[PDB]
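Trainee: With the input below, show me the fold.
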Amino acid sequence: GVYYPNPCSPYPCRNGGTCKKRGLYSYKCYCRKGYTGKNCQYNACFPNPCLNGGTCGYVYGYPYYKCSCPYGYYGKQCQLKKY
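Mentor: Residues are numbered from 1 along each chain as shown. This is the structure:
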């Protein structure tokens, strides 16, 4: 049979790392959404003092984590209550 060379390298991505070569320019390493950037090796939704019992969401502006305050509370770092 014909040997098909795979233009890729050892996985730098974790938590669902999948190497997909894109013959147009380069190979793209996919990983599970809701962890971190291209490698997804870590989880941005770690316990953050900006939560304070709130909601740990995700976002593209900040480093893949959004700290939302509890319903009835809102601060800058979610250290304040709603009146």
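Trainee: mind listing what the nearest residue to residue 74 once chain neighbours are set aside touches?
Mentor: In space, and not counting its chain neighbours, residue 74 is closest to residue 82: 5.6 Å by Cβ to Cβ, 6 or more residues apart in numbering. Heads up, the C-betas are built off the backbone N, CA and C, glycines and all. Residue 82 sits next to 72-74 when contact means Cβ atoms under 8 Å, 6 or more residues apart in numbering.
Trainee: of all the residues you listed, which comes closest to residue 4?
Mentor: The closest of these to residue 4 turns out to be residue 74 (Cβ to Cβ; 55.4 Å).
Trainee: Now for that closest one: which residues touch it?
Mentor: Here residue 74 is in contact with 80-82 (Cβ under 8 Å, 6+ apart).
Trainee: This protein: strands as residue ranges?
Mentor: Applying DSSP state E to the chain gives strands spanning 18-22, 26-30, 55-57, 66-68.
Trainee: Take the ones you listed and write them to CSV, including mean neighbour count and distance to residue 3.
Mentor: Below are those laid out as CSV (neighbours: other Cβ atoms under 10 Å; distance: least, Cβ to Cβ, whole Å):
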stretch, mean neighbour count, distance to residue 3
strand 18-22, 12, 15
strand 26-30, 13, 18
strand 55-57, 14, 46
strand 66-68, 18, 47
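Trainee: Out of those, which gets nearest to residue 36?
Mentor: Using Cβ to Cβ, the nearest of these to residue 36 is strand 26-30, at 12.5 Å.
Trainee: Can you check which of the strands of the chain gets nearest to residue 37?
Mentor: For those, the distance to residue 37 is smallest for strand 26-30, at 10.7 Å, taking Cβ to Cβ.
Trainee: one step back: turn the contacts of residue 82 into a markdown table, including distance to residue 59.
Mentor: Formatted as a markdown table, the contacts of residue 82 follow (distance: Cβ to Cβ, whole Å):
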| residue | distance to residue 59 |
| --- | --- |
| 72 | 22 |
| 73 | 19 |
| 74 | 17 |
